[PDB]
Trainee: 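Take this structure first; my questions come after.
Here is how names work: the chains are called A, B, and so on, in the same order as the sequence lines, proteins then strands, and each is numbered from 1.
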Protein chains: 2
Amino acid sequence: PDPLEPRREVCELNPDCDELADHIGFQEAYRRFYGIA
Amino acid sequence: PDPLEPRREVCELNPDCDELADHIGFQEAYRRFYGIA
Ligand SMILES: [Ca+2]
Ligand SMILES: [Ca+2]
Ligand SMILES: [Ca+2]
Ligand SMILES: [Ca+2]
Ligand SMILES: [Ca+2]
């Protein structure tokens with residue numbers, strides 16, 4: 001199982017993160033909207 | 001963007017495919033419930 005699925009679902013839920021994910025990826029997009037720095 | 005996202009969503013929707021996906025993967029699980037052979 002993929003440990004990142006929970007975060008991937010969170011991002012999909014956020015249109016802005018979802019859309020962005022298609023360009024720079026999910027892990028980098030998640031960080032952009034939720035990471036600190 | 002990942003071209004497989006549509007199929008991944010289909011599988012997640014199917015509990016049986018979802019569960020199975022965690023063990024042998026999504027592409028092999030999808031094939032198991034929807035592929036022909
Ligand atoms: Ca999921
Ligand atoms: Ca999903
Ligand atoms: Ca998406
Ligand atoms: Ca999706
Ligand atoms: Ca899943």
Trainee: Nearest 0.5 Å, please: how far is CG in A/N14 from CZ in A/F33?
Mentor: 5.5 Å
Trainee: For the CG atom of B/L20 and the OH atom of B/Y30, what is their distance to the nearest 0.5 Å?
Mentor: 14.0 Å
Trainee: Looking at every heavy atom in both A/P3 and A/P1, which two are closest together, and how far apart are they?
Mentor: CD-O, 3.3 Å
Trainee: Measuring from A/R31:CZ to A/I24:CD1, what's the distance to the nearest 0.5 Å?
Mentor: 9.5 Å
Trainee: State the SG-CZ distance between A/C17 and A/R8, to the nearest 0.5 angstrom.
Mentor: 11.5 Å
Trainee: Over all heavy atoms of both residues, which pair between B/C11 and B/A29 is shortest? Give the atoms and the distance, please.
Mentor: SG-CB, 4.5 Å
